[PDB]
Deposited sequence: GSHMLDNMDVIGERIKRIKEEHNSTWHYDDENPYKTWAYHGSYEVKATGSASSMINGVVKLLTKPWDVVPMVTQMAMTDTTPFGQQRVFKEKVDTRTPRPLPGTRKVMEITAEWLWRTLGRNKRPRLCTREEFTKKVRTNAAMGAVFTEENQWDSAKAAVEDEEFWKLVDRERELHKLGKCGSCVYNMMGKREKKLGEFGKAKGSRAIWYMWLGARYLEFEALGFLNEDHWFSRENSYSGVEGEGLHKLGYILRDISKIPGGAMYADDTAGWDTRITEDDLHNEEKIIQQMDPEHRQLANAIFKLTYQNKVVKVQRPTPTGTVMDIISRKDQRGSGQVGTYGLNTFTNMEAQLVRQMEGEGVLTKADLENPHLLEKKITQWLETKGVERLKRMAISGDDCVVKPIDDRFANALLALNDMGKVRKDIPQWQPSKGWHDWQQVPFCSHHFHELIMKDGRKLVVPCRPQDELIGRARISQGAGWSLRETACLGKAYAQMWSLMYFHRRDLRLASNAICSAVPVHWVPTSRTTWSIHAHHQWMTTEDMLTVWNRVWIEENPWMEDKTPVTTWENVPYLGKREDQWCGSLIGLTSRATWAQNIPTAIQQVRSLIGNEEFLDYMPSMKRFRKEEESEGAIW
């Protein structure tokens, strides 16, 4: 294979001392070529201040970390090492027509452009190995060299200083060609109608409530089993249509990414070995390359398209006969898209593989012919069982959360993000990597505490625990390291600014859904969930262990203080 050849030869050239061809490889659908070579600690600060949760199963589970070449073969040989059957001719036709219409819609006000070394550098600097590479001129010279191959329609290194530079160089070139989708906010709600990119977690609830006001059926939120593994060759070809909107120099580079890396990927992966440790080189045409720039945008695009197709089927626009038809007429599809398409996009909230859809009625529930045929088979449900919808938007799962409407004492309403409390406490009690001092650990603890104060203040236990952590950690210490990798996090808690000031800014001043801008002057006027709701979402309020914890908290705070030492502390209790 000419397209894949050069990349194989370069890894083989460097790792020639232990290169061997294996006749016994677990890969059944991934093309085999060869093989060479022949985690996280507990946050003591958060732990000491959340004693009742020492005896909680979810908290214990999350503390178990197995990022190993042993817990890697289980992930790969589950959903990744499979094939998706080709969609029917009619299905392919509908998808193509819809993709063309969607790209035109998405590009109505924006024009694609190349992203830059300066942009990528800024991104890397705003969070060590990638930092050094970015500051190195030799890295950008290698970038330049690889780009020249791409312009000739060849790929050299896009898949130990050599391999690290090759990896980040590949990521930069992806960013250069397809980064505009994120950087120029193509999937913002204003631009995409269905999208929520850049909106923020603090807005997602309001967005779902707005969807709930649109006349129609129930709200549906079906999970797809292993979305990235269900991206077909046809999906890839539909996603590629964005290149039609590019200038020649950009089109050339994006073409290379789509053809050479997206539709012809080379992947390095390890597997169990009785001899030692081996990393295998494999290739594939379809599926989403999960660790590639542009993945989020392209998933969002293809999910938007898929859900429109499902809506069409629900509405009777598409029949079983249509999907089977190799000569399907475009007329009715184009008519639906031109007259109803934007309206139907507005009925959805879509983030990558995650969707919420409020169709015009409930035929959608059993409209499954296209969804299954497109390869987007729903998780943990028989293929032909109707989807269960929610009549209450506050029950709809989206982006690992659900959302509650709260009433404030002054009569104003807030819509807030929520999730099982054990998940929040379980995450906060984990520190990323090992070898951290008490200061660094305390500072990450502070970051979680302040995230709770801004996003999850309505949870009684979390506000108490947050107040406890912030009391135990020196006031002038700046939160470090991230609390989450979520693309919906805006990290407003990464500051030493007063939390009530930040709370007012987010929830009142800059909140588009808050008409009355009257500031909240005390935390006592910042509302909680109803006690019943708090309990349903995992609160320990009402339990003796929790009451004991609440009474004994000042003691635990002072213990952490004595171990930190003579610093400036403030009481938030």
> Which parts of the deposited sequence lack C-alpha coordinates?
Replying inline: 1-7, 46-51, 141-153, 186-204, 619-635
